[PDB]
file model20.pdb (PDB, C-alpha atoms)
ATOM      1  CA  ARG A   1       4.910  -3.246  23.965  1.00  0.00           C
ATOM      2  CA  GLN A   2       7.273  -0.276  23.837  1.00  0.00           C
ATOM      3  CA  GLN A   3       9.790  -2.250  21.721  1.00  0.00           C
ATOM      4  CA  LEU A   4       6.978  -3.342  19.364  1.00  0.00           C
ATOM      5  CA  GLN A   5       5.892   0.338  19.072  1.00  0.00           C
ATOM      6  CA  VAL A   6       9.441   1.488  18.245  1.00  0.00           C
ATOM      7  CA  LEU A   7       9.727  -1.200  15.547  1.00  0.00           C
ATOM      8  CA  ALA A   8       6.204  -0.328  14.188  1.00  0.00           C
ATOM      9  CA  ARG A   9       7.405   3.304  13.813  1.00  0.00           C
ATOM     10  CA  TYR A  10      10.741   2.273  12.139  1.00  0.00           C
ATOM     11  CA  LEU A  11       8.714   0.069   9.719  1.00  0.00           C
ATOM     12  CA  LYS A  12       6.079   2.894   9.101  1.00  0.00           C
ATOM     13  CA  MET A  13       3.420   0.364  10.165  1.00  0.00           C
ATOM     14  CA  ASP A  14       0.142   1.916  11.228  1.00  0.00           C
ATOM     15  CA  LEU A  15      -0.978  -0.728  13.767  1.00  0.00           C
ATOM     16  CA  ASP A  16      -4.437   0.919  14.233  1.00  0.00           C
ATOM     17  CA  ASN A  17      -5.138   1.261  10.424  1.00  0.00           C
ATOM     18  CA  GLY A  18      -7.451  -1.809  10.486  1.00  0.00           C
ATOM     19  CA  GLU A  19      -9.411  -0.860  13.649  1.00  0.00           C
ATOM     20  CA  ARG A  20      -9.790   2.664  12.087  1.00  0.00           C
ATOM     21  CA  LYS A  21     -11.149   1.239   8.748  1.00  0.00           C
ATOM     22  CA  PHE A  22     -13.429  -1.075  10.767  1.00  0.00           C
ATOM     23  CA  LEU A  23     -15.064   1.831  12.663  1.00  0.00           C
ATOM     24  CA  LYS A  24     -15.677   3.828   9.411  1.00  0.00           C
ATOM     25  CA  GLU A  25     -17.453   0.709   7.898  1.00  0.00           C
ATOM     26  CA  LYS A  26     -19.432   0.075  11.136  1.00  0.00           C
ATOM     27  CA  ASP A  27     -20.780   3.683  10.679  1.00  0.00           C
ATOM     28  CA  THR A  28     -21.587   2.956   6.985  1.00  0.00           C
ATOM     29  CA  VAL A  29     -23.482  -0.209   8.116  1.00  0.00           C
ATOM     30  CA  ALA A  30     -25.559   1.744  10.684  1.00  0.00           C
ATOM     31  CA  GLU A  31     -26.369   4.440   8.036  1.00  0.00           C
ATOM     32  CA  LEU A  32     -27.526   1.742   5.503  1.00  0.00           C
ATOM     33  CA  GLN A  33     -29.401  -0.171   8.217  1.00  0.00           C
ATOM     34  CA  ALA A  34     -31.258   3.069   9.156  1.00  0.00           C
ATOM     35  CA  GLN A  35     -32.306   3.549   5.470  1.00  0.00           C
ATOM     36  CA  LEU A  36     -33.569  -0.070   5.354  1.00  0.00           C
ATOM     37  CA  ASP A  37     -35.302   0.258   8.721  1.00  0.00           C
ATOM     38  CA  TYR A  38     -37.013   3.439   7.466  1.00  0.00           C
ATOM     39  CA  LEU A  39     -38.297   1.693   4.287  1.00  0.00           C
ATOM     40  CA  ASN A  40     -39.560  -1.229   6.424  1.00  0.00           C
ATOM     41  CA  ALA A  41     -41.396   1.228   8.717  1.00  0.00           C
ATOM     42  CA  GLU A  42     -42.928   2.918   5.591  1.00  0.00           C
ATOM     43  CA  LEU A  43     -43.862  -0.218   3.538  1.00  0.00           C
ATOM     44  CA  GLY A  44     -44.015  -2.862   6.186  1.00  0.00           C
ATOM     45  CA  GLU A  45     -42.434  -6.308   6.196  1.00  0.00           C
ATOM     46  CA  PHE A  46     -45.199  -7.978   4.184  1.00  0.00           C
ATOM     47  CA  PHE A  47     -44.611  -5.602   1.255  1.00  0.00           C
ATOM     48  CA  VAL A  48     -40.802  -5.431   1.495  1.00  0.00           C
ATOM     49  CA  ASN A  49     -40.565  -9.261   1.594  1.00  0.00           C
TER
ATOM     50  CA  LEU B   1      21.939   0.021  -2.369  1.00  0.00           C
ATOM     51  CA  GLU B   2      18.337  -0.757  -1.112  1.00  0.00           C
ATOM     52  CA  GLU B   3      18.975  -4.546  -0.511  1.00  0.00           C
ATOM     53  CA  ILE B   4      20.733  -3.764   2.858  1.00  0.00           C
ATOM     54  CA  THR B   5      17.735  -1.604   4.080  1.00  0.00           C
ATOM     55  CA  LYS B   6      15.337  -4.340   2.758  1.00  0.00           C
ATOM     56  CA  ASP B   7      17.240  -7.012   4.830  1.00  0.00           C
ATOM     57  CA  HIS B   8      17.136  -4.725   7.931  1.00  0.00           C
ATOM     58  CA  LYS B   9      13.330  -4.187   7.481  1.00  0.00           C
ATOM     59  CA  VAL B  10      12.926  -8.004   7.223  1.00  0.00           C
ATOM     60  CA  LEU B  11      14.743  -8.367  10.595  1.00  0.00           C
ATOM     61  CA  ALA B  12      12.705  -5.533  12.156  1.00  0.00           C
ATOM     62  CA  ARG B  13       9.439  -7.069  10.858  1.00  0.00           C
ATOM     63  CA  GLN B  14      10.484 -10.430  12.284  1.00  0.00           C
ATOM     64  CA  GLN B  15      11.321  -8.837  15.671  1.00  0.00           C
ATOM     65  CA  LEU B  16       7.945  -7.035  15.675  1.00  0.00           C
ATOM     66  CA  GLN B  17       6.231 -10.397  14.913  1.00  0.00           C
ATOM     67  CA  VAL B  18       8.045 -12.160  17.775  1.00  0.00           C
ATOM     68  CA  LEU B  19       7.015  -9.383  20.188  1.00  0.00           C
ATOM     69  CA  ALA B  20       3.386  -9.428  18.828  1.00  0.00           C
ATOM     70  CA  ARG B  21       3.287 -13.186  19.628  1.00  0.00           C
ATOM     71  CA  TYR B  22       4.819 -12.712  23.152  1.00  0.00           C
ATOM     72  CA  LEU B  23       2.201  -9.966  23.800  1.00  0.00           C
ATOM     73  CA  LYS B  24      -0.692 -12.150  22.325  1.00  0.00           C
ATOM     74  CA  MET B  25      -1.416  -9.231  19.968  1.00  0.00           C
ATOM     75  CA  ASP B  26      -3.414 -10.172  16.902  1.00  0.00           C
ATOM     76  CA  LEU B  27      -2.035  -7.561  14.460  1.00  0.00           C
ATOM     77  CA  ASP B  28      -4.577  -8.512  11.717  1.00  0.00           C
ATOM     78  CA  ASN B  29      -7.653  -8.411  14.092  1.00  0.00           C
ATOM     79  CA  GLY B  30      -8.679  -4.955  12.762  1.00  0.00           C
ATOM     80  CA  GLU B  31      -8.220  -5.729   9.028  1.00  0.00           C
ATOM     81  CA  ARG B  32     -10.227  -8.977   9.683  1.00  0.00           C
ATOM     82  CA  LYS B  33     -13.121  -7.059  11.408  1.00  0.00           C
ATOM     83  CA  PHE B  34     -12.993  -4.494   8.573  1.00  0.00           C
ATOM     84  CA  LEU B  35     -13.520  -7.148   5.853  1.00  0.00           C
ATOM     85  CA  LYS B  36     -16.500  -8.730   7.740  1.00  0.00           C
ATOM     86  CA  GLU B  37     -18.159  -5.213   7.950  1.00  0.00           C
ATOM     87  CA  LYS B  38     -17.349  -4.443   4.268  1.00  0.00           C
ATOM     88  CA  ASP B  39     -19.354  -7.663   3.454  1.00  0.00           C
ATOM     89  CA  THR B  40     -22.218  -6.508   5.755  1.00  0.00           C
ATOM     90  CA  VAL B  41     -22.221  -3.123   3.903  1.00  0.00           C
ATOM     91  CA  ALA B  42     -22.440  -4.812   0.464  1.00  0.00           C
ATOM     92  CA  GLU B  43     -25.308  -7.080   1.718  1.00  0.00           C
ATOM     93  CA  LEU B  44     -27.269  -4.018   3.064  1.00  0.00           C
ATOM     94  CA  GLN B  45     -26.470  -1.981  -0.056  1.00  0.00           C
ATOM     95  CA  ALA B  46     -27.856  -4.845  -2.226  1.00  0.00           C
ATOM     96  CA  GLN B  47     -31.132  -4.822  -0.182  1.00  0.00           C
ATOM     97  CA  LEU B  48     -31.402  -1.025  -0.647  1.00  0.00           C
ATOM     98  CA  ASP B  49     -30.519  -1.253  -4.338  1.00  0.00           C
ATOM     99  CA  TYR B  50     -33.228  -3.922  -4.760  1.00  0.00           C
ATOM    100  CA  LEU B  51     -35.894  -1.716  -3.081  1.00  0.00           C
ATOM    101  CA  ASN B  52     -34.826   1.227  -5.293  1.00  0.00           C
ATOM    102  CA  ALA B  53     -35.150  -0.978  -8.407  1.00  0.00           C
ATOM    103  CA  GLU B  54     -38.657  -2.082  -7.193  1.00  0.00           C
ATOM    104  CA  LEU B  55     -40.053   1.324  -6.025  1.00  0.00           C
ATOM    105  CA  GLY B  56     -37.896   3.735  -7.913  1.00  0.00           C
ATOM    106  CA  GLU B  57     -36.049   6.782  -6.620  1.00  0.00           C
ATOM    107  CA  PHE B  58     -39.045   9.122  -6.796  1.00  0.00           C
ATOM    108  CA  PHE B  59     -41.015   6.906  -4.392  1.00  0.00           C
ATOM    109  CA  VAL B  60     -38.121   5.957  -2.086  1.00  0.00           C
ATOM    110  CA  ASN B  61     -37.115   9.643  -1.714  1.00  0.00           C
TER
ATOM    111  CA  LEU C   1      23.301   6.985   1.219  1.00  0.00           C
ATOM    112  CA  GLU C   2      23.494   8.131   4.936  1.00  0.00           C
ATOM    113  CA  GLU C   3      19.643   8.444   5.387  1.00  0.00           C
ATOM    114  CA  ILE C   4      19.344   4.608   5.882  1.00  0.00           C
ATOM    115  CA  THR C   5      22.093   4.606   8.637  1.00  0.00           C
ATOM    116  CA  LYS C   6      20.436   7.753  10.168  1.00  0.00           C
ATOM    117  CA  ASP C   7      17.034   5.895  10.314  1.00  0.00           C
ATOM    118  CA  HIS C   8      18.746   2.820  11.884  1.00  0.00           C
ATOM    119  CA  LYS C   9      20.461   5.054  14.537  1.00  0.00           C
ATOM    120  CA  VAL C  10      17.026   6.614  15.292  1.00  0.00           C
ATOM    121  CA  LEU C  11      15.623   3.085  15.916  1.00  0.00           C
ATOM    122  CA  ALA C  12      18.662   2.099  18.018  1.00  0.00           C
TER
ATOM    123  CA  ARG D   1      14.973 -17.841  21.971  1.00  0.00           C
ATOM    124  CA  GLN D   2      12.774 -16.464  19.194  1.00  0.00           C
ATOM    125  CA  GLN D   3      14.758 -13.182  19.125  1.00  0.00           C
ATOM    126  CA  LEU D   4      18.038 -15.152  19.006  1.00  0.00           C
ATOM    127  CA  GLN D   5      16.615 -17.205  16.077  1.00  0.00           C
ATOM    128  CA  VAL D   6      15.598 -14.065  14.157  1.00  0.00           C
ATOM    129  CA  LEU D   7      19.090 -12.593  14.639  1.00  0.00           C
ATOM    130  CA  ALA D   8      20.739 -15.962  13.669  1.00  0.00           C
ATOM    131  CA  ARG D   9      18.732 -15.838  10.392  1.00  0.00           C
ATOM    132  CA  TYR D  10      19.621 -12.130   9.718  1.00  0.00           C
ATOM    133  CA  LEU D  11      23.316 -13.020  10.333  1.00  0.00           C
ATOM    134  CA  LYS D  12      23.077 -16.240   8.124  1.00  0.00           C
ATOM    135  CA  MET D  13      24.378 -18.167  11.157  1.00  0.00           C
ATOM    136  CA  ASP D  14      23.684 -21.879  11.057  1.00  0.00           C
ATOM    137  CA  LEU D  15      23.428 -22.550  14.820  1.00  0.00           C
ATOM    138  CA  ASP D  16      23.210 -26.369  14.315  1.00  0.00           C
ATOM    139  CA  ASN D  17      26.244 -26.540  11.892  1.00  0.00           C
ATOM    140  CA  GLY D  18      28.530 -27.823  14.701  1.00  0.00           C
ATOM    141  CA  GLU D  19      26.107 -30.443  16.122  1.00  0.00           C
ATOM    142  CA  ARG D  20      25.564 -31.599  12.466  1.00  0.00           C
ATOM    143  CA  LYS D  21      29.370 -31.940  11.814  1.00  0.00           C
ATOM    144  CA  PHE D  22      29.696 -33.721  15.184  1.00  0.00           C
ATOM    145  CA  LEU D  23      27.126 -36.416  14.258  1.00  0.00           C
ATOM    146  CA  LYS D  24      28.806 -37.078  10.841  1.00  0.00           C
ATOM    147  CA  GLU D  25      32.202 -37.597  12.676  1.00  0.00           C
ATOM    148  CA  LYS D  26      30.573 -39.777  15.396  1.00  0.00           C
ATOM    149  CA  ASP D  27      29.404 -42.042  12.473  1.00  0.00           C
ATOM    150  CA  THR D  28      32.953 -42.015  10.978  1.00  0.00           C
ATOM    151  CA  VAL D  29      34.319 -43.041  14.437  1.00  0.00           C
ATOM    152  CA  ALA D  30      31.862 -45.975  14.726  1.00  0.00           C
ATOM    153  CA  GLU D  31      32.751 -47.124  11.146  1.00  0.00           C
ATOM    154  CA  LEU D  32      36.543 -47.026  11.951  1.00  0.00           C
ATOM    155  CA  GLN D  33      35.982 -48.647  15.356  1.00  0.00           C
ATOM    156  CA  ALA D  34      34.060 -51.502  13.631  1.00  0.00           C
ATOM    157  CA  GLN D  35      37.025 -52.060  11.222  1.00  0.00           C
ATOM    158  CA  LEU D  36      39.434 -52.163  14.204  1.00  0.00           C
ATOM    159  CA  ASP D  37      37.114 -54.416  16.204  1.00  0.00           C
ATOM    160  CA  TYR D  38      36.911 -56.775  13.200  1.00  0.00           C
ATOM    161  CA  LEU D  39      40.740 -56.975  12.889  1.00  0.00           C
ATOM    162  CA  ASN D  40      40.992 -57.634  16.658  1.00  0.00           C
ATOM    163  CA  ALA D  41      38.412 -60.447  16.350  1.00  0.00           C
ATOM    164  CA  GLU D  42      40.433 -61.907  13.388  1.00  0.00           C
ATOM    165  CA  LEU D  43      44.014 -61.542  14.792  1.00  0.00           C
ATOM    166  CA  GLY D  44      43.384 -61.313  18.477  1.00  0.00           C
ATOM    167  CA  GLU D  45      44.755 -58.806  20.970  1.00  0.00           C
ATOM    168  CA  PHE D  46      48.063 -60.608  21.510  1.00  0.00           C
ATOM    169  CA  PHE D  47      48.927 -60.302  17.805  1.00  0.00           C
ATOM    170  CA  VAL D  48      47.511 -56.799  17.239  1.00  0.00           C
ATOM    171  CA  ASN D  49      49.416 -55.459  20.291  1.00  0.00           C
TER
END

call {"tool": "encode", "arguments": {"input": "model20.pdb", "output": "structure tokens"}}
result
Amino acid sequence: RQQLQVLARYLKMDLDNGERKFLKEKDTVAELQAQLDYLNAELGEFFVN
Amino acid sequence: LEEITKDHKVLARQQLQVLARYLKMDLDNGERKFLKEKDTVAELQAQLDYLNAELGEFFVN
Amino acid sequence: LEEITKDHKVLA
Amino acid sequence: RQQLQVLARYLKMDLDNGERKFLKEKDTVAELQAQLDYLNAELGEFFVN
């Protein structure tokens, strides 16, 4: 693991770049899902569908 | 010039791959999860966009 | 020039 | 073994070059030995020796 880290650093590879992007999008999903949930609570399923 | 450093980075990348495989590290796991969530975002954003087109901004806000 | 050999010695 | 292979490839070392040359010569030996065997079958040992 330490050898892989040293090589990652030589190569200027951000190993966590993808898990970092993932957690930003997971927050965007929860923000959009809250907006949708709110509109469902205001209009109801029958209306929204 | 830069061909020697290119060939060294190829070796280093190959050594990193071999170690990733020994360690059972999926290096692309995070970029793969990211692209699934980016599709979930676009699906939710389409639902919201649709409700905005039906009710209008004045009403939704 | 010598920056590439420097970066290789850092790795080593 | 995988690290040795990566280095072999960086160095442009054909690790199997010698086993490959060996198997070509082993075929040359069998071809020459067949020619000799054939002459022995035609002339006999007494004559050939």

call {"tool": "calpha_fit_and_write", "arguments": {"input": "model20.pdb", "fixed": "chain A", "moving": "chain D", "output": "mmCIF file with C-alpha atoms, keeping the file's coordinate frame"}}
result
data_model
loop_
_atom_site.group_PDB
_atom_site.id
_atom_site.type_symbol
_atom_site.label_atom_id
_atom_site.label_comp_id
_atom_site.auth_asym_id
_atom_site.auth_seq_id
_atom_site.Cartn_x
_atom_site.Cartn_y
_atom_site.Cartn_z
ATOM 1 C CA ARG D 1 4.905 -3.243 23.961
ATOM 2 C CA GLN D 2 7.276 -0.275 23.837
ATOM 3 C CA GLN D 3 9.789 -2.254 21.720
ATOM 4 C CA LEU D 4 6.972 -3.336 19.364
ATOM 5 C CA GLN D 5 5.901 0.350 19.069
ATOM 6 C CA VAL D 6 9.453 1.486 18.246
ATOM 7 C CA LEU D 7 9.728 -1.202 15.545
ATOM 8 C CA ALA D 8 6.206 -0.323 14.190
ATOM 9 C CA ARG D 9 7.414 3.307 13.812
ATOM 10 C CA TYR D 10 10.745 2.269 12.135
ATOM 11 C CA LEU D 11 8.713 0.065 9.719
ATOM 12 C CA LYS D 12 6.081 2.891 9.096
ATOM 13 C CA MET D 13 3.421 0.365 10.167
ATOM 14 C CA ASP D 14 0.144 1.912 11.231
ATOM 15 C CA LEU D 15 -0.978 -0.728 13.770
ATOM 16 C CA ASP D 16 -4.438 0.916 14.235
ATOM 17 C CA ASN D 17 -5.138 1.257 10.427
ATOM 18 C CA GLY D 18 -7.451 -1.811 10.487
ATOM 19 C CA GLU D 19 -9.413 -0.862 13.650
ATOM 20 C CA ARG D 20 -9.791 2.662 12.089
ATOM 21 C CA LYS D 21 -11.149 1.239 8.749
ATOM 22 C CA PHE D 22 -13.431 -1.075 10.767
ATOM 23 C CA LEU D 23 -15.067 1.831 12.666
ATOM 24 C CA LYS D 24 -15.678 3.829 9.414
ATOM 25 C CA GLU D 25 -17.455 0.711 7.900
ATOM 26 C CA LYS D 26 -19.433 0.077 11.139
ATOM 27 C CA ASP D 27 -20.781 3.684 10.679
ATOM 28 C CA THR D 28 -21.588 2.956 6.985
ATOM 29 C CA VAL D 29 -23.482 -0.208 8.117
ATOM 30 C CA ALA D 30 -25.559 1.747 10.684
ATOM 31 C CA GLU D 31 -26.369 4.441 8.036
ATOM 32 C CA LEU D 32 -27.527 1.743 5.503
ATOM 33 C CA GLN D 33 -29.400 -0.170 8.218
ATOM 34 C CA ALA D 34 -31.260 3.068 9.155
ATOM 35 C CA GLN D 35 -32.307 3.549 5.471
ATOM 36 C CA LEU D 36 -33.570 -0.070 5.353
ATOM 37 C CA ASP D 37 -35.303 0.257 8.721
ATOM 38 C CA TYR D 38 -37.015 3.439 7.465
ATOM 39 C CA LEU D 39 -38.298 1.691 4.287
ATOM 40 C CA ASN D 40 -39.560 -1.230 6.426
ATOM 41 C CA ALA D 41 -41.397 1.228 8.718
ATOM 42 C CA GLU D 42 -42.930 2.919 5.590
ATOM 43 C CA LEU D 43 -43.864 -0.219 3.538
ATOM 44 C CA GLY D 44 -44.014 -2.863 6.186
ATOM 45 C CA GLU D 45 -42.434 -6.310 6.194
ATOM 46 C CA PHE D 46 -45.200 -7.978 4.180
ATOM 47 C CA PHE D 47 -44.612 -5.601 1.252
ATOM 48 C CA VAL D 48 -40.803 -5.430 1.492
ATOM 49 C CA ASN D 49 -40.566 -9.260 1.590
#

call {"tool": "resolve_selection", "arguments": {"input": "model20.pdb", "expression": "the PyMOL selection byres ((chain A) within 6 of (chain B))", "output": "PyMOL selection string"}}
result
chain A and resi 4+18-19+22+25+29

call {"tool": "closest_atom_pairs", "arguments": {"input": "model20.pdb", "of": "chain C", "to": "chain B", "cutoff": "10 Å", "atoms": "all atoms listed in the file", "output": "tab-separated table"}}
result
residue	atom	partner	partner_atom	distance
C:1	CA	B:1	CA	8.0
C:4	CA	B:5	CA	6.7
C:5	CA	B:5	CA	8.9
C:7	CA	B:5	CA	9.8
C:8	CA	B:8	CA	8.7
C:11	CA	B:12	CA	9.8

call {"tool": "residues_around", "arguments": {"input": "model20.pdb", "residues": "residue C:10", "least_positions_apart": "4", "cutoff": "12 Å", "atoms": "only C-alpha atoms", "output": "number ranges by chain"}}
result
A: 6-7, 9-11; C: 3-6

call {"tool": "atom_distance", "arguments": {"input": "model20.pdb", "atom1": "atom CA of residue D:44", "atom2": "atom CA of residue D:27"}}
result
24.6 Å

call {"tool": "axis_aligned_box", "arguments": {"input": "model20.pdb", "around": "stretch 18-21 of chain A", "padding_each_side": "6 Å", "output": "lines of an AutoDock Vina configuration file"}}
result
center_x = -9.3
center_y = 0.4
center_z = 11.2
size_x = 15.7
size_y = 16.5
size_z = 16.9

call {"tool": "atom_distance", "arguments": {"input": "model20.pdb", "atom1": "atom CA of residue B:58", "atom2": "atom CA of residue A:30"}}
result
23.3 Å

call {"tool": "decode", "arguments": {"input": "model20.pdb", "residues": "chain D", "atoms": "C-alpha atoms", "output": "PDB file, in the first residue's frame"}}
result
ATOM      1  CA  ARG D   1       6.365 -12.271 -11.276  1.00  0.00           C
ATOM      2  CA  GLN D   2       4.140  -9.403 -12.400  1.00  0.00           C
ATOM      3  CA  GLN D   3       6.744  -6.821 -11.275  1.00  0.00           C
ATOM      4  CA  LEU D   4       9.483  -8.762 -13.114  1.00  0.00           C
ATOM      5  CA  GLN D   5       7.261  -8.777 -16.258  1.00  0.00           C
ATOM      6  CA  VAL D   6       6.672  -5.009 -16.059  1.00  0.00           C
ATOM      7  CA  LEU D   7      10.429  -4.400 -15.725  1.00  0.00           C
ATOM      8  CA  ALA D   8      11.175  -6.890 -18.598  1.00  0.00           C
ATOM      9  CA  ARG D   9       8.800  -4.829 -20.810  1.00  0.00           C
ATOM     10  CA  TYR D  10      10.350  -1.451 -19.726  1.00  0.00           C
ATOM     11  CA  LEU D  11      13.822  -2.919 -20.508  1.00  0.00           C
ATOM     12  CA  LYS D  12      12.600  -4.424 -23.907  1.00  0.00           C
ATOM     13  CA  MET D  13      13.876  -7.794 -22.635  1.00  0.00           C
ATOM     14  CA  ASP D  14      12.405 -10.786 -24.414  1.00  0.00           C
ATOM     15  CA  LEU D  15      12.543 -13.324 -21.547  1.00  0.00           C
ATOM     16  CA  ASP D  16      11.454 -16.240 -23.827  1.00  0.00           C
ATOM     17  CA  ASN D  17      14.013 -15.417 -26.636  1.00  0.00           C
ATOM     18  CA  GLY D  18      16.346 -18.234 -25.457  1.00  0.00           C
ATOM     19  CA  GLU D  19      13.648 -20.932 -25.021  1.00  0.00           C
ATOM     20  CA  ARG D  20      12.365 -19.900 -28.526  1.00  0.00           C
ATOM     21  CA  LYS D  21      15.882 -20.246 -30.118  1.00  0.00           C
ATOM     22  CA  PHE D  22      16.294 -23.569 -28.269  1.00  0.00           C
ATOM     23  CA  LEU D  23      13.108 -25.066 -29.796  1.00  0.00           C
ATOM     24  CA  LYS D  24      14.114 -23.984 -33.368  1.00  0.00           C
ATOM     25  CA  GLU D  25      17.546 -25.758 -32.877  1.00  0.00           C
ATOM     26  CA  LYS D  26      15.891 -28.862 -31.320  1.00  0.00           C
ATOM     27  CA  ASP D  27      13.871 -29.086 -34.623  1.00  0.00           C
ATOM     28  CA  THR D  28      17.100 -28.645 -36.675  1.00  0.00           C
ATOM     29  CA  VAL D  29      18.689 -31.494 -34.615  1.00  0.00           C
ATOM     30  CA  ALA D  30      15.733 -33.850 -35.272  1.00  0.00           C
ATOM     31  CA  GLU D  31      15.847 -33.006 -39.042  1.00  0.00           C
ATOM     32  CA  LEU D  32      19.648 -33.755 -39.193  1.00  0.00           C
ATOM     33  CA  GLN D  33      19.241 -36.869 -37.031  1.00  0.00           C
ATOM     34  CA  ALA D  34      16.535 -38.144 -39.455  1.00  0.00           C
ATOM     35  CA  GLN D  35      18.948 -37.647 -42.428  1.00  0.00           C
ATOM     36  CA  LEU D  36      21.673 -39.577 -40.545  1.00  0.00           C
ATOM     37  CA  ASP D  37      19.235 -42.286 -39.465  1.00  0.00           C
ATOM     38  CA  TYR D  38      18.117 -42.649 -43.106  1.00  0.00           C
ATOM     39  CA  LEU D  39      21.735 -43.059 -44.348  1.00  0.00           C
ATOM     40  CA  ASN D  40      22.368 -45.644 -41.588  1.00  0.00           C
ATOM     41  CA  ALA D  41      19.234 -47.568 -42.656  1.00  0.00           C
ATOM     42  CA  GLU D  42      20.464 -47.435 -46.324  1.00  0.00           C
ATOM     43  CA  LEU D  43      24.203 -48.256 -45.795  1.00  0.00           C
ATOM     44  CA  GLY D  44      24.159 -49.957 -42.458  1.00  0.00           C
ATOM     45  CA  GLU D  45      26.364 -49.324 -39.440  1.00  0.00           C
ATOM     46  CA  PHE D  46      29.259 -51.477 -40.651  1.00  0.00           C
ATOM     47  CA  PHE D  47      29.640 -49.341 -43.791  1.00  0.00           C
ATOM     48  CA  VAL D  48      28.932 -45.947 -42.188  1.00  0.00           C
ATOM     49  CA  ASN D  49      31.486 -46.648 -39.408  1.00  0.00           C
TER      50      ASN D  49
END
